[PDB]
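S.K.: Below is the sequence, then the experimental coordinates.
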Amino acid sequence: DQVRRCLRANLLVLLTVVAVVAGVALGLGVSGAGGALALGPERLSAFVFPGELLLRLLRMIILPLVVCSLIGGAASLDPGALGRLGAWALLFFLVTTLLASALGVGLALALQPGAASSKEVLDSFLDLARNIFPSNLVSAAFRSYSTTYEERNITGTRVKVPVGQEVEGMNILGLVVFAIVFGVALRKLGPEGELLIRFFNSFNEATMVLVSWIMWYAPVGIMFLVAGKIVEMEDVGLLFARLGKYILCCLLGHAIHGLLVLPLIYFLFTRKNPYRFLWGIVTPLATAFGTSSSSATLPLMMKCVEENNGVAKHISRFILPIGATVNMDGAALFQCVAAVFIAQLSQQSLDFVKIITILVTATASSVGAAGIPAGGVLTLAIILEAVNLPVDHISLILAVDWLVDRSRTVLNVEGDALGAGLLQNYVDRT
Amino acid sequence: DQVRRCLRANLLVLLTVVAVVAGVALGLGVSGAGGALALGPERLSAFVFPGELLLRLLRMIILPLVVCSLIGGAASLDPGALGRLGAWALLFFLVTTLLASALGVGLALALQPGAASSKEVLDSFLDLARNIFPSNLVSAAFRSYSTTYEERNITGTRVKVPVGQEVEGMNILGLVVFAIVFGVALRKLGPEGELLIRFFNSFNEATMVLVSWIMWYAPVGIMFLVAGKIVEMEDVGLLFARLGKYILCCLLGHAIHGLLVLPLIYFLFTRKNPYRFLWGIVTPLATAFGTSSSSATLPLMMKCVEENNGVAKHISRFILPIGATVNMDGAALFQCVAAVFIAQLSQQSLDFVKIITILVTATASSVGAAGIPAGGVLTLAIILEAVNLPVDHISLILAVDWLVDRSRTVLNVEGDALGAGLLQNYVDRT
Amino acid sequence: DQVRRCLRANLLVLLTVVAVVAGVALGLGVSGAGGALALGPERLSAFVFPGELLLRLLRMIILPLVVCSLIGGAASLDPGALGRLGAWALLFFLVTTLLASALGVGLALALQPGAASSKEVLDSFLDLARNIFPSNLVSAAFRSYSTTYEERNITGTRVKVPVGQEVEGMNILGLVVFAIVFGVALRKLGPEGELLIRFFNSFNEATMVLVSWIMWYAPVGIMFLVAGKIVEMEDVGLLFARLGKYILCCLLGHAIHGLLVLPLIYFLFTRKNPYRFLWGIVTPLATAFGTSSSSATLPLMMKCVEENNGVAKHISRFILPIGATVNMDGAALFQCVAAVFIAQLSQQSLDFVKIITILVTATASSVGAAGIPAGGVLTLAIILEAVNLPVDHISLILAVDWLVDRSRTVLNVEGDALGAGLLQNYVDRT
């Protein structure tokens, strides 16, 4: 038949959807009883197991991935050899990614989906800053910093005085700064650093096969993961509603971002109608919402932005190819919204500095996740394990990533499309 | 004289035998008193010391050795470029190594030598499986996983519920799987992995000199080690008997393996007389029991297996050279028997999953220990420290490795000799 | 003006002196009140902070620096290809560095500056020796060994019996031996080690830019460091006196070393007047006390030692260039005196084995600190963190390193100058 073509080509996505349709079914069948058929937590602790094995594979693969990939991505950057006219594009990409992430965490905090049913002082900024630059780069790979208070009982009966120590679970946040500074150092070293860069970049592809094989294992892990998850909550008529509120929340966040904020930076700078520009460029968005692929939509988008509202004719070949892989605004929006939704689902007591380190770490990792096909879930697990949040809920987000991803794709092309529709004045207005 | 020739050539073995003949003597002289001449444990804790220093050198050298050597030994394997006719030879080598190790642990458990004078449930398989794929590859280098039980006191007064944490002492077992998957990944990456393979293989010879120098230090360490060991037991008329029972046990295990099990796989597949084949190939076994060297006996063995019972004339040049360094059945037999003998000598309470991880880890490390001349003791220390067993008793095994090694050599050539006498039917019977 | 020339060229030293002149001033202004304006320890724990951030950067940079630099400095050494006539120069350099360090710790212990206002037995040598060769090279990067005593209560009521465990804070001392043996192993491996040496040496320059940038950050860190330090002591009329006693102590140690000990090894071997030799070579010392630079003073010194007291005419081109970067006697003197002064200032209870590991570790690191311009403070922080001493007091030593460094420079040229004035007899007297 023709079934062999559509089987082997798109196999892993069919495997994970046929795994998750049973994972909801098996968890439904054992959730018909109240979490205990014959062994309540005992057989459950082994019934939940291969999803936990999948997370065990994911943590040991997200250590070397982030350190070697950010070394290879911070040695590659050459701001001197990229043009000041191109540098303002990077500035715009960074500020709109920060803006998208900020508004997304703001709206997800405002609606607070999922929540429907350690006293640390303001001086956690010192703990976060000490966690940025760690004590040594081996204890930084498995344990981060944390200050607990004791009582010296001086000047009265009690005094809340902080002692400082290192608690378990790594700091990716404190490691990405060292790897980025290492890549910048390898650039500034120059020709002696060629061997180290050819080492570390080759180390990255020596782990892309590893995450490829973990992706091959991923269906049975995600099936057992979501099965143990829905037998844990014991509320299907509410978890459906929590997931739907989260989905609607992040899609309307995508909508209000792409419909007001990029229009805000348009009209605040160009003072021309953004709606006429978008009405000019409807059809590559009509294929981005068709295919959901930022790679294949790029030639039609580059051809369209030159015809309607004629751009500077070279940045369409310069900033628009490179902007598709660096300004993924909707993906950063999705990751910052979804991680706050898990914390509001598990009641993890968000400090404001936890909001800052879920902002900036997921912001800098927006430029990644492009070589990895399912990098949106991988980077989400990265920023979950950077704040010691439960990665256990990632199956539910990966259960419904398609329905929101169809809308997430168009933000990532709308951003750099409007950036192409913005910097044409900087040779005119200057 | 002629003494300078036989001194410098074979020097280290003369050094360790003249060290161990004094180590039994000094421990005898201080064991004439009951473990306390003038300071019982106090001066003893410094009298025992340089053997513990030798073990301190051995652990810090067996970390990088196993990770870099298994990377260099899992990048080298090419099953696609080795032939399906050659692949069944690898299958046979693996199954006879597993069979030899299984029967050896079975018989050493059955006789239980040395023993003459933490309640963990069946769910340790999850602990072992989580210990296979670790959380991160830096905490995997010094500490493994272990689940302890506490009491939530829910549904009654007490409930044995497992919490999970990471206890000290590394998991080589959890590290060899990552290094092997890394080498396979470097193969599947191809030409970008050339720099990483030339890194990691060069790292191996950057530690073979290290174990050469630790071997140079080894005589005084093993002398003080066995001296502190025999003053610890305070029973020489029994420890002699325990060692003799162990020696007789492993040599008869070698005997029953090479006399029935390889005949079993012969007669079950060929249905021809194995004794006539062995009577044909007596004389290379007569030199293997002469010289005790698998390298030098290989040309005579390859010439002999073609004359008597004429083999397929090319696999003798293909599977018989490579089988001498990969199918070391008797060495794996020795390591799995000797490690169980130490645990039965120290009462280390063997779980069945400890039997599984002393089976399979020592099975996969049978292919090693060939470039290292005294690799039989090194791999034994590896599989002892992979299960947190006391490495302290390794002097007694290295005291008598010669007497059993004379018989251990002939198993390693008898195995692939009978494998050459087996796969000739697969072009005839097919 | 001409101010732009003297600004950009010597900028960092002007930055750190204008930072330290305010750091004494701000700490003076807040020390006018008794350590508490409105928040005693609470705002102080954040007021002290960026100096602690500077130390946080320094520890994570002194791990990879010492391991890669000593690999690159132990692979470079070739005693076979350096001449036995040149090897006695290395022997003399090592013994005069050990002698200078020994006399410096002796005199600094004898005067005991700064002190004006854990019972471990003699068996710490076993703890130090186990700390030399660690258990594994990942736990050796963040935690060292330490034996605590408990009571088995056997043979009486109590018995002080040592248990052994690993306590936090790395052992550089146990790591430098592994890196040095690794570099020697890479030499003895030869042409397969070329890739590893070109890796590790390139890794060194990939951290010299890192310590360059930490040096750029260093002024505000040292200002806040000394400001929090002088508000801690609350005694300026004594800390001035403690610092002056320390300065006078180390400068007179330099004086008595260069005026008696190198004359002692002169007259004990040559039996000629050392004062006539020094009166011959006054003027390169007059420029070394002028410029304070061992690099630029070397041609004038090499020309001067040949004219007055005519040396062997080739070792002046052989041992005198290489001796300027390996025999830094005064720097090792300074580091061993200053570290004992901190321990006598903080009452850190010096064991004799702590004197041994502050002797030998700082002795072997005298050959370093030459490529780093402010390597005298960096190596001081290294040998402070090798013995878990407080690095917190390093601002006061770096506050006054100039006043003693002016005298420290002449020892480093006086040593190898007198060594050139010594080995000329070994072709004459032989």
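M.R.: Everything's here; your move. Residues are numbered from 1 along each chain as shown, chains lettered A, B, ... in the order given.

S.K.: list the contacts for the residue in the stretch 151-300 of chain A positioned nearest to chain C?
M.R.: Shortest the stretch 151-300 of chain A-to-chain C distance, computed as C-beta to the nearest C-beta: residue-wise this is residue A:185, at 4.5 Å. Every C-beta, even on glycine, is put in place using the N, C-alpha and C of the backbone. The neighbours of residue A:185, taking C-beta atoms under 8 Å, 6 or more residues apart in numbering or on different chains as the test, are A:193, C:206-207, C:209-210.

S.K.: And residue A:47, by the same measure?
M.R.: Contacts of residue A:47 by C-beta under 8 Å, 6+ apart are A:224, A:227-228.

S.K.: go again using 6 Å as the cut-off
M.R.: Going by C-beta atoms under 6 Å, 6 or more residues apart in numbering or on different chains, residue A:47 touches no other residue.

S.K.: ok, back up a step: of the contacts of residue A:185, just say which sits nearest to chain B.
M.R.: Closest to chain B, out of all of the contacts of residue A:185 and judged by C-beta to the nearest C-beta, is residue A:193, at 14.1 Å.

S.K.: Please report how far the closest residue in space to that closest one that isn't next to it in sequence lies from residue C:72.
M.R.: In space, residue A:193 comes closest to residue A:186 once its chain neighbours are excluded; the distance is 4.0 Å by C-beta to C-beta, 6 or more residues apart in numbering or on different chains. According to C-beta to C-beta, to the nearest Å, residue A:186 and residue C:72 sit 17 Å apart.

S.K.: neighbour-wise, which of those two wins?
M.R.: Between residue A:186 and residue C:72, residue A:186 has the larger neighbour count (other C-beta atoms under 10 Å in any protein chain shown), namely 25 against 21.

S.K.: Mind checking what helix or strand follows the helix or strand containing the more buried one in sequence?
M.R.: In this structure, residue A:186 sits in helix A:172-189 according to DSSP states H and E. Using DSSP H and E, the helix or strand that follows helix A:172-189 in sequence is helix A:194-233.

S.K.: mind listing what's buried in stretch A:250-260?
M.R.: A:250-251, A:253-254, A:257-258 (16 or more other C-beta atoms under 10 Å in any protein chain shown).

S.K.: Tell me which stretches of chain A form strands.
M.R.: All strands of chain A, identified by DSSP state E, fall at A:143-151, A:160-168.

S.K.: The first one close to chain C?
M.R.: No - against chain C, strand A:143-151 shows no contacts by C-beta under 6 Å from any C-beta of the partner chain, the least distance being 9.2 Å.

S.K.: contacting residues around that strand?
M.R.: Under C-beta under 6 Å, 6+ apart, the answer for strand A:143-151 is A:127, A:130-131, A:158-160, A:162-164, A:166-168, A:171.

S.K.: Of these, keep whichever come out buried.
M.R.: Of the contacts of strand A:143-151, these count as buried by 16+ other C-beta under 10 Å: A:127, A:130-131, A:162, A:166, A:171.

S.K.: Show me which residues of chain A sit near chain C.
M.R.: So far as C-beta under 6 Å from any C-beta goes, chain A lies against chain C at A:126, A:130, A:133-139, A:185-186, A:188-189, A:192, A:195-196.

S.K.: I'd like to know how far the nearest residue to residue A:312 once chain neighbours are set aside sits from chain C.
M.R.: Closest residue to residue A:312 apart from its sequence neighbours, by C-beta to C-beta, 6+ apart: residue A:424 at 5.0 Å. Residue A:424 sits 37 Å away from chain C, taking C-beta to the nearest C-beta, to the nearest Å as the criterion.

S.K.: list the contacts for residue A:222?
M.R.: Neighbours of residue A:222 in contact, by C-beta under 6 Å, 6+ apart: residue A:395.

S.K.: An error on my part: the question was meant for residue A:273.
M.R.: Neighbours of residue A:273 in contact, by C-beta under 6 Å, 6+ apart: none.

S.K.: cool, the one 4 residues further on as well?
M.R.: For residue A:277, the contacting residues are A:309, A:421, taking C-beta under 6 Å, 6+ apart as the criterion.

S.K.: try 8 Å
M.R.: Contacts of residue A:277 by C-beta under 8 Å, 6+ apart are A:266, A:308-309, A:418, A:421.

S.K.: ok, which stretches of the stretch 201-350 of chain A are helices?
M.R.: Per DSSP state H, counting those that start in this stretch, the stretch 201-350 of chain A carries helices over the ranges A:236-256, A:262-267, A:274-280, A:282-291, A:298-307, A:315-326, A:329-346.

S.K.: just the ones you listed: most buried one?
M.R.: helix A:329-346 (a mean of 26; mean count of other C-beta atoms under 10 Å in any protein chain shown).

S.K.: Which strands or helices does that helix pack on?
M.R.: Packing partners of helix A:329-346 (3 or more C-beta pairs under 8 Å, 6 or more residues apart in numbering or on different chains; DSSP states H and E): helix A:84-111, helix A:236-256, helix A:352-364, helix A:375-385, helix A:394-399, helix A:401-420.

S.K.: Of all those helices, which one comes closest to chain B?
M.R.: helix A:375-385 (9.7 Å).

S.K.: okay, among the contacts of residue A:277, which ones form the most distant pair?
M.R.: A:266 and A:308 (14.6 Å; C-beta to C-beta).

S.K.: Which residue, other than its chain neighbours, is closest to the residue of the stretch 151-300 of chain A closest to chain C?
M.R.: residue C:209 (4.5 Å).

S.K.: same check, this time on residue A:82
M.R.: Once flanking residues are discounted, residue A:82 sits nearest to residue A:90: 7.9 Å by C-beta to C-beta, 6+ apart.

S.K.: how near is that neighbour to residue A:178?
M.R.: Distance check for residue A:90 against residue A:178: by C-beta to C-beta, it reads 22 Å.

S.K.: These two: which has the busier surroundings?
M.R.: residue A:178 (20 against 17).

S.K.: show me what contacts the more buried one?
M.R.: A:133-134, A:137, A:140, C:60.

S.K.: Now neighbour count and distance to chain B too, for these, in JSON lines please.
M.R.: What follows is the contacts of residue A:178, written out as JSON lines (neighbours: other C-beta atoms under 10 Å in any protein chain shown; distance: C-beta to the nearest C-beta, whole Å):
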{"residue": "A:133", "neighbour count": "21", "distance to chain B": "18"}
{"residue": "A:134", "neighbour count": "26", "distance to chain B": "12"}
{"residue": "A:137", "neighbour count": "21", "distance to chain B": "9"}
{"residue": "A:140", "neighbour count": "23", "distance to chain B": "9"}
{"residue": "C:60", "neighbour count": "22", "distance to chain B": "14"}
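
S.K.: Now the two most distant members of these.
M.R.: Among the contacts of residue A:178, A:133 and A:137 lie farthest apart (C-beta to C-beta), at 10.4 Å.

S.K.: Spit out the residues that contact those two alike.
M.R.: In contact with both residue A:133 and residue A:137: A:178, C:60, using C-beta under 8 Å, 6+ apart.

S.K.: that older thread, tell me which of the residues of chain A next to chain C is nearest to chain B?
M.R.: Distances from chain B to those, taken by C-beta to the nearest C-beta, are shortest for residue A:138, at 6.0 Å.

S.K.: Quick check: the nearest residue to the closest one once chain neighbours are set aside vs residue C:171, distance?
M.R.: Nearest residue to residue A:138 in three dimensions, chain neighbours excluded: residue C:141, at 3.9 Å (C-beta to C-beta, 6+ apart). Using C-beta to C-beta, we find residue C:141 at a distance of 9 Å from residue C:171.

S.K.: same thing with residue A:55?
M.R.: In terms of C-beta to C-beta, residue A:55 sits 34 Å off from residue C:171.

S.K.: and the two most separated of the buried ones among the contacts of strand A:143-151?
M.R.: A:162 and A:171 (18.3 Å).

S.K.: Now do the same contact list for the residue nearest to residue A:185.
M.R.: Contacts of residue C:209 (C-beta under 8 Å, 6+ apart): A:185, A:188-189.
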